[PDB]
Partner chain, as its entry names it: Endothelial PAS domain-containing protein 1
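For reference, the chain that follows is the form deposited without its partner chain, supplied as structure tokens.
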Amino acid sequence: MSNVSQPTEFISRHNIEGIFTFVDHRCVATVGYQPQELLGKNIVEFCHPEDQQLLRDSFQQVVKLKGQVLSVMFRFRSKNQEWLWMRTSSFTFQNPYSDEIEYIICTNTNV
């Protein structure tokens, strides 16, 4: 067992377009933003322009094959004005009763 004194990973949920609809408080340590500064914005707004097609394609693909898991490596702009390399896994979570997509779950790891 160990303390994770300075978190470098956080979970977010998104709609199929990429809008942040949930983000855990580890986002502060990881990327420097409070949840309130991310919620309602598109994750692509935080993405290095060079990596924006990659990120967009990830969101498109995860929704096509519901339940498949993808991993994407992109640069995220920190509140401290640096590009942070992120490795994000993504997948759609399906309602267990209706099987509809409820949201996309992203686990965002600064590497």
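Numbering follows the first chain given and starts at 1.
Not on display, but discussed next: the form deposited with its partner chain bound.
In the entry with it bound, at least one heavy atom of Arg56 sits within 4.5 Å of its partner chain. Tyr33 belongs to the set of residues with a heavy atom inside 4.5 Å of its partner chain in the entry with it bound.
Its partner chain in the entry with it bound is approached by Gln52, whose closest heavy atom lies within 4.5 angstroms of it. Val44 belongs to the set of residues with a heavy atom inside 4.5 Å of its partner chain in the entry with it bound.
For the stretch 11 to 30, the set of residues having any non-hydrogen atom within 4.5 angstroms of its partner chain in the entry with it bound comprises only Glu17.
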